[PDB]
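Taking it in order: structure first as structure tokens, then the write-up.
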Amino acid sequence: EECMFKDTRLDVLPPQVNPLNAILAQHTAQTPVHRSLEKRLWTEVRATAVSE
Amino acid sequence: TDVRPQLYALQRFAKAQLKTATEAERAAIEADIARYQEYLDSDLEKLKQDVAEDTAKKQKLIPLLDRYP
Amino acid sequence: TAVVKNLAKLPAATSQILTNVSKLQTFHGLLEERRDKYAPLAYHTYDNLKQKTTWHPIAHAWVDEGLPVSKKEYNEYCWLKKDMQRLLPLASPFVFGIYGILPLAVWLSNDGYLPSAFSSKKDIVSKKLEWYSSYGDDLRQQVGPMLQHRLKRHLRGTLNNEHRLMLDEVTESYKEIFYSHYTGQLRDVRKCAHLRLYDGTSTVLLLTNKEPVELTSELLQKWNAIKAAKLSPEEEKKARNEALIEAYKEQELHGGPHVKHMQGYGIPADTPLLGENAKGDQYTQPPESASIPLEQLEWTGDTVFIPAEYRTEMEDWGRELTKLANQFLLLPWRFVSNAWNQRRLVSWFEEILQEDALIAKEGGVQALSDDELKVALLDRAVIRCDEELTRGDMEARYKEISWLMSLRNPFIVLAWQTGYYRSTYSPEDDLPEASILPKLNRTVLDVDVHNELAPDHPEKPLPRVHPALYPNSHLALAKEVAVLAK
Amino acid sequence: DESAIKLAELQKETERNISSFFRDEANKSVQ
Numbered sequence: 425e426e427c428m429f430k431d432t433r434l435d436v437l438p439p440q441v442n443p444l445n446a447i448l449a450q451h452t453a454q455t456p457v458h459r460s461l462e463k464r465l466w467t468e469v470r471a472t473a474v475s476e
Numbered sequence: 038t039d040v041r042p043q044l045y046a047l048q049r050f051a052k053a054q055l056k057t058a059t060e061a062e063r064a065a066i067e068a069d070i071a072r073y074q075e076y077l078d079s080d081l082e083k084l085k086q087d088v089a090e091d092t093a094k095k096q097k098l099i100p101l102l103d104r105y106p
Numbered sequence: 002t003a004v005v006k007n008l009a010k011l012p013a014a015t016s017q018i019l020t021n022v023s024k025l026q027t028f029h030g031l032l033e034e035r036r037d038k039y040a041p042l043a044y045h046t047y048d049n050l051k052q053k054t055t056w057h058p059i060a061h062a063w064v065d066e067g068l069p070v071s072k073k074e075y076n077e078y079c080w081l082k083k084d085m086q087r088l089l090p091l092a093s094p095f096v097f098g099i100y101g102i103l104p105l106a107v108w109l110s111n112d113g114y115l116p117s118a119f120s121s122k123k124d125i126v127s128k129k130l131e132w133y134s135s136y137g138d139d140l141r142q143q144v145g146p147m148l149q150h151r152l153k154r155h156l157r158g159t160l161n162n163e164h165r166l167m168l169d170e171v172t173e174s175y176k177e178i179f180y181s182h183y184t185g186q187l188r189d190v191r192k193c194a195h196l197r198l199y200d201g202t203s204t205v206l207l208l209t210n211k212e213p214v215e216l217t218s219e220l221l222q223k224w225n226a227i228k229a230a231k232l233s234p235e236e237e238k239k240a241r242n243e244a245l246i247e248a249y250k251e252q253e254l255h256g257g258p259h260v261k262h263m264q265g266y267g268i269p270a271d272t273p274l275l276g277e278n279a280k281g282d283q284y285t286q287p288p289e290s291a292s293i294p295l296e297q298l299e300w301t302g303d304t305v306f307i308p309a310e311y312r313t314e315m316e317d318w319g320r321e322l323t324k325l326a327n328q329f330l331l332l333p334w335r336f337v338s339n340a341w342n343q344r345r346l347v348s349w350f351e352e353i354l355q356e357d358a359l360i361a362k363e364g365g366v367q368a369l370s371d372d373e374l375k376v377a378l379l380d381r382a383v384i385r386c387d388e389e390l391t392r393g394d395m396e397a398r399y400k401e402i403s404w405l406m407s408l409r410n411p412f413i414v415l416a417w418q419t420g421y422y423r424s425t426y427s428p429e430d431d432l433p434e435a436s437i438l439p440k441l442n443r444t445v446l447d448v449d450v451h452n453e454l455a456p457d458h459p460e461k462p463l464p465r466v467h468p469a470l471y472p473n474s475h476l477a478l479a480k481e482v483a484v485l486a487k
Numbered sequence: 121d122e123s124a125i126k127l128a129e130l131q132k133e134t135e136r137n138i139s140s141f142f143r144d145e146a147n148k149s150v151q
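Protein chains in written order, with the deposited numbering: chain A, 425 to 476; chain S, 38 to 106; chain Z, 2 to 487; chain B, 121 to 151.
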């Protein structure tokens, strides 16, 4: 009843959770493993492309 | 830094994974194996072309996100 | 003053008025000729109390995808319809007498009360922008906040009954949509779509020769595939009926359509046999269509849209909220039932949707000019003329409200729109101080429409993730990238 | 947290499958 006569903003703060983790986890769960290993090839070939 | 043996390793791992795959997963992995064989026969030219396409997409994406250059 | 200034051009205005009437007649002839052969029959439906018609865009707002018309010509059509509405005070002398000229003087005083013919400008875009910046933005900037309050107080209810009416999952989205003028942060449209959680599940019953079947994403996908294959009708109808019987079996396994167990709607069971008509244990009398075998299941071509808007429906809005919704959109509102204002709002909705379609045909938003985009956003009621935004912010705003209007719900549309008309005035001269940061800029990429967003839990809001940070975003955003880089 | 540990676990499971496969392959090659 005395909510107006308090300062409870510290008792209720916005969480520091990154929602991106929930997104990337759903991304890996849907993909297979050989595509995960392929991404290491896509990155490596991109490095050699920038090198040449 | 070698690329051909890494692609061979990827193809062999995909073949190993194909055994435990379901029907749709089996079809997708078969298409992937055909893609890898096409890369192998093309001497990594199609692979580098696809890499360049994706990198061009990314490199067009970056400068547009600079709202305050 | 403006009275004599407009009387000076009143002779020169009648010719333009009649020319505009002829243009309107020709365009309406074309549009109705197309509509009478390509558009379905949206039947009239009465409200729950069954005294006045009710209107929804899903059934009544049809979009002629394939209208061979330029966007500017449609703007002319709509603006001249509004000019015909504004020509109504000319009837005052013909119903009151020769002393019915003082209303005509009041009409000629303000230029915002007048049609296009009294304007010195020529292009429809410049004329529309002049009218807006002179009269319409000011008229709209004094209805926005009050309309927002009415929408809020429609959700939360009156007399301290929020614990009985509001939902605890739409709470943070409600706050971000309605109280972001406190924070100064931008809003996500998906948080306004979360307001639809107050409503039920919107369904679509296709009527067959046997029973109604609920439409699903799978059945619609199959029908679109069959439509794209361009098959013969002997094969098209066969595949459609195959998908239809499949969906019928699927819903019969689900436990019937969603509508059977929703308060206010329902499918009757088999009729009862009364008294001696009861033949022992068979207390029912099935319908005629029970004789038809299920393999002959064919779509009647008839559809029933059920929005299930238990809190959002325009009937329960009221005498005042409807009028303010029409005021805020610069539509006619006085001395009419809420049914007529509902139709006016739905017609505005249809106009905006057709304009969106024509814009997409013309090459999107980027093909438009700056004044044309400004005028489009003014028509959508998301910009006020005292802002001077950038082009990217305008494009993002257009994309936002276009997606929001694609959902066919006026309440969330108005909730979104009214947020852009909450401006304050300071009592001091020094304050607000001159800012140090640059003007607000955005892009079409910053708007997340291609992803779903769950409602944030009450008092646990989450930060905003850019679409670019998602995996494979460069592939999903490739269209916008190609449009922007070019 | 309850979102970072899950992501780390999924990544570790993927790397585990990869490393186990290639280790078995190396062992068979030595055999």
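Virtual Cβ for every residue (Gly too), placed ideally from N, Cα, C.
In this structure the region 438–453 of chain Z does not lie against the region 170–177 of chain Z, because fewer than three pairs of beta carbons, one per stretch, are closer than 8 Å. Here the C-alpha atom of Z:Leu-91 lies approximately 22 Å from the C-alpha atom of Z:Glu-77.
For S:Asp-91, the closest of Z:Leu-485, Z:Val-484, Z:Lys-487 and Z:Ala-477 by C-alpha to C-alpha distance is Z:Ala-477. Secondary structure note for Z:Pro-104: its alpha helix (DSSP H) is the uninterrupted segment 103–110.
Less than 8 Å divides the Cβ of Z:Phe-412 from the Cβ of Z:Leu-152. Residue-level contact check: Z:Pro-258 does not touch chain S, since none of the beta carbons of chain S fall below 8 Å from its beta carbon.
With a threshold of 8 Å between beta carbons, S:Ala-61 makes no contact with chain A. The alpha carbon of Z:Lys-250 has as its nearest neighbour, out of Z:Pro-213, Z:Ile-307 and Z:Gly-276, the alpha carbon of Z:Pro-213.
Restricting attention to alpha helix (DSSP H) runs no shorter than 4 residues, the region 10–65 of chain Z encloses them at 58–61, ordered along the chain. Annotation for Z:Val-445: no beta strand (DSSP E) segment contains it, and DSSP assigns it neither H nor E. Assignment of Z:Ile-268 by DSSP, reduced to helix, strand and coil, places it in the coil class. In this structure the region 92–105 of chain Z does not lie against the region 337–349 of chain Z, because fewer than three pairs of beta carbons, one per stretch, are closer than 8 Å. Under the three-state reduction of DSSP output, Z:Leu-275 falls in the coil class, being neither helix nor strand. Z:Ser-71 is positioned such that its CB atom lies no closer than 8 Å to that of Z:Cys-386. DSSP, read as helix, strand or coil, puts Z:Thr-209 in strand. Taking 4 residues as the shortest admissible run, the region 277–345 of chain Z contains the following complete alpha helix (DSSP H) segments, listed from N- to C-terminal end: 320–329. Setting aside the 5 residues that flank it on each side, Z:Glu-481 is surrounded in the same chain by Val-445 and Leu-446, each with a C-beta closer than 7 Å to its C-beta; the list follows chain order.
For S:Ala-53, a Cβ of chain B is located within less than 8 Å of the residue's own Cβ. Between the alpha carbons of Z:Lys-400 and Z:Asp-380 lies a gap of roughly 14 Å. A residue is called buried once 16 or more other Cβ atoms fall within 10 Å of its Cβ, and A:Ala-471, having fewer, is exposed. Excluding five sequence positions before and after Z:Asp-48, the CB atoms of its chain that fall closer than 7 Å to its own CB belong to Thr-55 and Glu-316, given in chain order. The Cβ of S:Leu-98 sits closer than 8 Å to at least one Cβ of chain Z.
Contact residues of the region 427–454 of chain A toward chain Z are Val-436, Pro-438, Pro-439, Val-441, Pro-443, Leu-444, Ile-447, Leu-448 and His-451 (C-beta to C-beta distance below 7 Å). Using a Cβ-Cβ cut-off of 7 Å, B:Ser-139 is close to nothing in chain A; its nearest Cβ partner there is about 11 Å away.
The CB of S:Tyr-105 comes closer than 9 Å to the CB of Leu-438, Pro-439 and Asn-442 in chain Z, given here in chain order.
Contact annotation: the region 136–151 of chain Z does not touch the region 115–124 of chain Z, with fewer than three C-beta pairs closer than 8 Å. Secondary structure at Z:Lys-461: strand, using DSSP grouped into helix, strand and coil. Beta-bridge analysis with DSSP links Z:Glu-215 to Z:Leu-206. Counting other Cβ atoms within 10 Å of its Cβ, Z:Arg-409 reaches 16 or more and is therefore classed as buried. When C-beta atoms of the region 423–443 of chain Z are compared with those of the region 355–375 of chain Z, fewer than three pairs fall below 8 Å, so the two segments do not count as touching. Taking CB atoms only, Z:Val-107 has no neighbour in chain A less than 8 Å away. For Z:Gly-145, the uninterrupted alpha helix (DSSP H) run begins and ends at 145–156, by DSSP.
Between the alpha carbons of Z:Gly-67 and Z:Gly-364 lies a gap of roughly 15 Å. Z:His-29 is outside the set of residues whose beta carbon lies under 8 Å from a beta carbon in chain S. According to the DSSP assignment, Z:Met-395 belongs to the alpha helix (DSSP H) that extends over 392–407.
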